[PDB]
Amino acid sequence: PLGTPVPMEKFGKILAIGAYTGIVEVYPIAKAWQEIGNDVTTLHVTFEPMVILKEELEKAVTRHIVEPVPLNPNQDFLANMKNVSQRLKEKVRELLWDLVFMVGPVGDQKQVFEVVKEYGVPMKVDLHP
């Protein structure tokens, strides 16, 4: 099982999105795209106590945005995941590019896809072969 195989081309301005643990797999990809000549900005949207690699890719890409959401021990997890789904859709909307990549749970990908859909900019989803 390998990370999402992706093409190494100069797409231009790229928005590398990483939901939850997905940011780990996006780090190297974003890093590479930047090194090849792309102006990529990564976005990590997870729970407050789960932010990771913030420093690493902050030095690897042009701009690294972290949107930490409070892990509410009150409501149930399904509710909490719905907040991330919210923050996630919001951010991507204001941010709006030549390409947008993302690796997170299918549910959040579809949600972000419906967004990016309204602006023509192509998107790439994760793939583990």
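When you see a residue number, it is the position in the sequence shown, counting from 1.
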| property | result |
| --- | --- |
| Where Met81 meets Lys82 in the shown sequence, the number of deposited residues left unmodelled | none |
| Mean temperature factor over C-alpha atoms, higher-scoring stretch between 117-125 and 10-18 | 117-125 |
| 41-49 or 86-94, whichever carries the higher mean Cα B-factor | 86-94 |
| Highest-ranked of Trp33, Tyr27, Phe101, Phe77 once sorted by CA temperature factor in the record | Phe77 |
